[PDB]
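Below you will find one chain, with nothing else, as structure tokens; this is the form solved without this ligand, and questions on how it binds or moves follow later.
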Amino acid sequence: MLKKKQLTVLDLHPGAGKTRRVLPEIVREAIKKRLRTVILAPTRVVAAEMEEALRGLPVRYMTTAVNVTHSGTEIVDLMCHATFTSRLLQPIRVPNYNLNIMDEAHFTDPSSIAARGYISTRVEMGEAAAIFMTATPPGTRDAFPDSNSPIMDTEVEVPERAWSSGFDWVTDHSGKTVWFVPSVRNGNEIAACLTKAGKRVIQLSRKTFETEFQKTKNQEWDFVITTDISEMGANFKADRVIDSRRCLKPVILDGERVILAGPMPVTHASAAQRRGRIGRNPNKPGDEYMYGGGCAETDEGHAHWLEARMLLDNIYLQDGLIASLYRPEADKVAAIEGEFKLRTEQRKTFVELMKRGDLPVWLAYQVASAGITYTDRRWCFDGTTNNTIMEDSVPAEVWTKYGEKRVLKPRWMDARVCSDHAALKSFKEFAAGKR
């Protein structure tokens, strides 16, 4: 695997030991061969788990998620996917890693897609080796891969709203269930219905995952209600998955606004990862997977793949060359390569709007490419009337940095800035100049 020009897809089934067995073997061989190596974790939770798998191997953990005292002589670095792409974008020296290992390499966040594009292009140039670890490589068509233990698969209607009758199978179960929902708001309603029925429910989503996942270890629970973030190596001691088989799809409309379309079917890869939360223990056959819909190719035209092109167009590779998306997922976007390349000063603004601003890539790009500076928030208020953001069915309002109460009406409307209470609270703080 470790030879230049090699990209290996390590596509062992979910729970086959890619992280806990195979990775430490790859790392030992890399150190022996004096290959400067990066290991890419999708989350801080997985970074901390990798430290346990790799303990007493000389690895530099480029994350505050791990309390380790480094020797200073390690030639293996571990960081999050997003950290890797972040550091490529910034005026930060990133070594030209001889071996590039991505764990949970199906992750469809823009920074993960961009990282795959950058790494696979370095491999194609003959500069590096790479290993992509995932049970569900791009374009996988198999929602029902092998497992450590037999799974009971059942197609069933799954509630997506509070219910009073007709779903007794949901609450009659005495074990632990992981339930994949398409959105935070959707999960909140199902969680409230379960709580009212006497169940103990933990909710996970991208903003809370890194701190709420610990509750799955520290608290007794009956249900985890999770978005798609638990497709990325989240391990539960569960005996059932309930899968809506639904997601939201960010869609760029007329190159002018982003909507959250759907809910609509998940990809086969997503369905396989959701189901793959169970069937992991060969001593516990007959974990259940209850699924409420079919799969479809909903990654086609999904905003994350366009956003990954916006990132890759702004990463230096060699002279004016631009990294390509990883070939198996390159047709999910119709973009002109280089169309999003920014001049130095607009690139810095773009980066800051994503890092400190915490804005979606697409929205950071619209602001930066308009020649607006990071602290200039006038664009949050001068949009068209149809871009008015609502809070409890009346326009959302903030006090501007000038002390003026104004309706939130951004010039570019990205539905991800207000898809739930927490998102809108963060965007209100941004519009107010508070970060």
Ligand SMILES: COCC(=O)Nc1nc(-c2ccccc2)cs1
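Position 1 is the first residue in the sequence shown; the rest follow in order.
In this entry, the higher average B-factor at the C-alpha atoms falls on 232-240, of the pair 350-358 and 232-240. Two stretches are in play, 78-86 and 255-263, and the higher mean C-alpha B-factor belongs to 255-263.
Listed residues 186, 98, 281, 154 were ranked by CA B-factor as deposited; 281 comes out on top.
Per the PDB entry, 210 shows the highest C-alpha temperature factor of the residues 307, 288, 210, 313. The deposited CA B-factor of residue 425 belongs to the middle third of values across its chain. Residue 69: CA B factor lies in the highest third for its chain, per the PDB record.
In the deposited entry, the Cα temperature factor of residue 394 places it in the highest third of its chain's modelled residues.
In the PDB entry, a CA B factor belonging to the highest third of its chain's modelled residues is recorded for residue 49.
The deposited CA B-factor of residue 122 belongs to the middle third of values across its chain.
The same protein also exists as the form deposited with this ligand bound; that form is not shown, yet it is the one meant from here on.
Interface residue among 156, 162, 296, 197, judged by heavy atoms within 4.5 Å of this ligand in the deposited bound form: 296.
Contact annotation: this ligand lies within 4.5 Å of heavy atoms from the stretch 255-263 in the deposited bound form, the single such stretch among 183-191, 255-263, 162-170, 197-205. Residues in 15-52 all lack a heavy atom within 4.5 Å of this ligand in the deposited bound form.
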